[PDB]
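1. Got a sequence here, can you build the structure:
(5 chains, ligands or ions: 2)
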Amino acid sequence: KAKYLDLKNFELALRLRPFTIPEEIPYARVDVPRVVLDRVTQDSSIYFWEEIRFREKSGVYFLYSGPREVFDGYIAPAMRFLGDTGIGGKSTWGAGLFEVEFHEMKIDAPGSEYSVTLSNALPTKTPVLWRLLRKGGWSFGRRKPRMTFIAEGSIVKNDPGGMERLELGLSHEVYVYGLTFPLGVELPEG
Amino acid sequence: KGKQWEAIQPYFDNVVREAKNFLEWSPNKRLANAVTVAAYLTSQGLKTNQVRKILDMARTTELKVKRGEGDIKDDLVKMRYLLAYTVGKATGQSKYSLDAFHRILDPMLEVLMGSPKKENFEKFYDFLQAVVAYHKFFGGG
Amino acid sequence: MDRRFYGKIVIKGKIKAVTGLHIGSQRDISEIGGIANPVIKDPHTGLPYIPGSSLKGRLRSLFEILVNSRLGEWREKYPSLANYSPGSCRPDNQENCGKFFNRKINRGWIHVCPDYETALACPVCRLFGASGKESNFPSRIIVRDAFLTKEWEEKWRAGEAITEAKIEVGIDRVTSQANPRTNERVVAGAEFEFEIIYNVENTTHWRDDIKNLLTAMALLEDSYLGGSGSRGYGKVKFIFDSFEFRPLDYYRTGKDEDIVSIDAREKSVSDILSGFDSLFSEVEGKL
Amino acid sequence: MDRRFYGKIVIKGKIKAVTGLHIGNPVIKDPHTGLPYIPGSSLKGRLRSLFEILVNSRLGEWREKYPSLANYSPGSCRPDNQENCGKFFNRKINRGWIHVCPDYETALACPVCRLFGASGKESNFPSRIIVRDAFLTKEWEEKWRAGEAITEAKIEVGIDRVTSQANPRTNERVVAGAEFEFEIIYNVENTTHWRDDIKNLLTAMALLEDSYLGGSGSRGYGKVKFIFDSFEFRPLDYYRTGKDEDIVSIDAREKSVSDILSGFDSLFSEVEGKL
RNA sequence: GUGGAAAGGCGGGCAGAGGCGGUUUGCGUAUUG
Ligand SMILES: [Zn+2]
Ligand SMILES: [Zn+2]
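-> Numbers count the residues shown, from 1 in each chain, chains lettered A, B, ... in the order given. Ligands and ions are numbered 1, 2, ... in the order given. Next comes the structure:
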């Protein structure tokens, strides 16, 4: 039933060892009610709204693996500009904002031809075992079509993934990141 | 009834003075004894209106422990002699009731002059309100 | 329909509790030993204070009654008083009867006009505020909570008391049976700083709307402010520090060009005395 | 139903004690200024108790003029534990019996409870007089400053008969001669009956000048002497224009019994034109 | 080249009404060192 595993326990399930789930999840998806008030008569108009609320120490991270001259040239500027305009959501209510610190992190992968993907897969050939996911974005007020990404933790064999550029009627072309993030895994018989 | 006032008091008085410091035990003991404190003060009258000057004296500097002052000298002076003034003004049948209430607090006040101010007086003030609260529950006010 | 903004007449002053002042609110919050009738005290300082609801409510309830008496002749001065008759809706359970006191709060009846268009002309609800289903005229005055003056903070520092315990008793006419009690009231003579802001929304009707506020205040000096009241416990007296106009050009720029009226040593009845055309004369130049 | 407002008759004046007064063994004092003072509840609850006793004897003469006196027989509910019955004192407060009419329209018709106010179960009729506290006068504020003692002490004794055993105590009384300044405001709400309540409030004051005011009283601790200064009217138009449009009633050298007697109807004559 | 863009949880409400610090008790009597 679980959805996340710890860094110690994610390494064990790559080798098919017995392991343990975490006990508490860090975030709490809460729903706050807001209101909409007219300016002349102060008359209410309620609407619900819901967002992820994180704890005191906790937070969110992600990974990067590649040439560091592409990291420091591109990402580390972008994560300082994105500390002051949010990662989506109603980021005029201070929702997506954060502060950034970078680190190094090590996951041991057993050498085998199967691999779990730590990002949305969007495969070119059919994977082995996959938890499917339908989402679509919004580029500059234009709706993106729903695409069949695969959720994180599905198993491909030697699949590089892809990116599909989209038209959307903008001045520039719009790419959708679906490059896989393969870490090696040992599969059972099937 | 009053036969409980003779036995339970003489069971508790040797336990009273042997823990004379107000920082005796922050665990379940000081609340378990405090019910027994009001248990032999139940059979006595123990009117609160004479104690209202003392408790408001404990009230007006309870805010002043809380970032008001770091000195409880001038307050705890005023608590010692007025509590002696309690039998020092009111005598009679209420005096035999108020002598047994004198002998618990007077060992604890003398701690509080040289005590910490953020600590060890909260441990008194929590034992203050434990005596009053159960006393309302056994039938006195 | 058409809410505008022109400035905010700020009334600064000091409420002087001539007699013991009593408000009263909840007791026993994680607390055992009290007098069981405590005046509301804010928790960060532990000092008493006059709230805004206890002052806006008592300025309102002394101005329903003035309107309820002169309901007959003010229909020409103010429209939408022709929807009303002097009296209560209490004898027949209606939220809109012919009489004046029309809205049931829980079990009591308080005049609140049901619409924005009806409350725009009503002398009471155009000032103190109103409500309804979907229409909802909001207020104009912000009565803020009043705290003790710079002086009476230090009398709590120097060691002087601020609350007194008065013992009152009840007596049977036959057996002279004494039935006593205790009250915590503010010490007589303490002094709280109030501030009443008037949001000027229409320049057509502010002269006849500041005069209504100084009518509800001039009744409050003869009546009491909360508490047992009929037995002395009110008797409050306004000491005006400064009227200030706070215009529209003040808020954008920041220039100290706000119009200050002269209210140094004047009674609340002396502002509304012949001279209200002279105290607020230079406000007419700004409109 | 239908609370209204025409004005507020203000009764200023000065309470004088020809004989020494006591309230309650110290006389209670104003804390911020130190001076003793006559409270509000000791002057409104004393006039009510000298008017509920006066109404108790006369339930045949006032019943033709006041309704809801027929609902009571002159008596007391002290032996018989019944709330609302034929006996005239109906509310057990905790242990005391005070006549309060238990409804609006009973208290609207009652002669006592239309004036000194009345509680109830969902009725709660409110008063028409508000009696303020009485501090010292500004010429007697200065005898405290000049050291001329505004109070005094008194040692009595209590003689046990057989052994002639003297058991003394020290009463503390206000000194005889000290003069306060009282305040009663009558809230004129119903123009049909205010001739009553002004001649009916002075009724309770006039019995008080014969009775005592607080303290023991049967030993010398009373003797109020109401020195009136000026009635005024304060109409509804006073609170809108702020003028001196309040009709002054001349009583600079007149008594409580000298207003309620011949001389009434010429003084309050301009108020009747103002209604 | 962001499941995005815009959106006040708030408009109206006095902890209020009723209530005497009270009732009785004479600064005195008894005898001597
Ligand atoms: Zn209205
Ligand atoms: Zn009655």
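
2. what residues are up against residue 134?
-> Using chain A here. A:146-149 (C-beta atoms under 8 Å, 6 or more residues apart in numbering or on different chains). For every residue, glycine as well, the C-beta is placed using N, CA and C.

3. I was after chain B.
-> Residue B:134 sits next to B:34-35, B:38 when contact means C-beta under 8 Å, 6+ apart.

4. Tell me the buried residues within those residues.
-> Applying 16 or more other C-beta atoms under 10 Å in any protein chain shown to the contacts of residue B:134, the neighbour count classes B:34, B:38 as buried.

5. Contact residues of the stretch 1-150 of chain C facing chain A?
-> Proximity of the stretch 1-150 of chain C to chain A, by C-beta under 8 Å from any C-beta of the partner chain, involves residues C:1-3, C:116, C:134-138.

6. where along chain A do the helices fall?
-> Remark: helices assigned in chain A by DSSP state H are A:7-14, A:68-70, A:76-81.

7. Mind putting the ones you listed into TSV with distance to ligand 2?
-> What follows is the helices of chain A, written out as TSV (distance: least, C-beta to the ion, whole Å):
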stretch	distance to ligand 2
helix A:7-14	82
helix A:68-70	94
helix A:76-81	80
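
8. Assign a three-state SS to residue C:277, would you?
-> helix (DSSP: H, G, I helix; E, B strand; the rest coil).

9. Give me the neighbour count for it.
-> Burial measure for residue C:277: 9 neighbouring residues, criterion other C-beta atoms under 10 Å in any protein chain shown.

10. how near is it to ligand 1?
-> For residue C:277, the distance to ligand 1 (C-beta to the ion, to the nearest Å) stands at 27 Å.

11. sorry, back to before: tell me which of the helices of chain A sits most buried.
-> With neighbours taken as mean count of other C-beta atoms under 10 Å in any protein chain shown, the helices of chain A reach their highest mean count in helix A:7-14, at a mean of 15.

12. How about the residues of the stretch 51-200 of chain C by RNA strand E?
-> C:51, C:53-54, C:56-58, C:60-61, C:105-106, C:110, C:112, C:128-132, C:136-139, C:167-171, C:176, C:178-181 (C-beta under 7 Å from any atom of the strand).

13. Now restrict those to buried residues only.
-> Neighbour counting with 16+ other C-beta under 10 Å marks C:51, C:54, C:56, C:58, C:60-61, C:112, C:128-132, C:136-138, C:168, C:170-171 as buried within those.

14. unless I'm mixing things up, residue C:258 is touching residue C:247, no?
-> Yes: using C-beta atoms under 8 Å, residue C:258 is in contact with residue C:247, at 6.3 Å.

15. Chain A: strands as residue ranges?
-> In chain A, the strands defined using DSSP state E lie at A:28-35, A:46-53, A:114-117, A:132-135, A:138-139, A:142-143, A:147-150, A:155-157, A:164-166, A:174-176, A:182-185.

16. Comparing residue C:258 and residue C:247, which residue is more hemmed in?
-> More crowded of residue C:258 and residue C:247, by other C-beta under 10 Å: residue C:247, with 20 against 17.

17. leaving aside the residues next to it on the chain, what's closest to the more buried one?
-> Once flanking residues are discounted, residue C:247 sits nearest to residue C:7: 4.3 Å by C-beta to C-beta, 6 or more residues apart in numbering or on different chains.

18. Equivalent analysis for residue B:42, please.
-> Sequence neighbours aside, residue B:138 is the residue nearest to residue B:42 in space, at 4.3 Å (criterion: C-beta to C-beta, 6+ apart).

19. right, is stretch C:40-47 up against chain D?
-> No: judged by C-beta under 8 Å from any C-beta, stretch C:40-47 stays clear of chain D, getting no closer than 15.6 Å.

20. Noted, bye for now.
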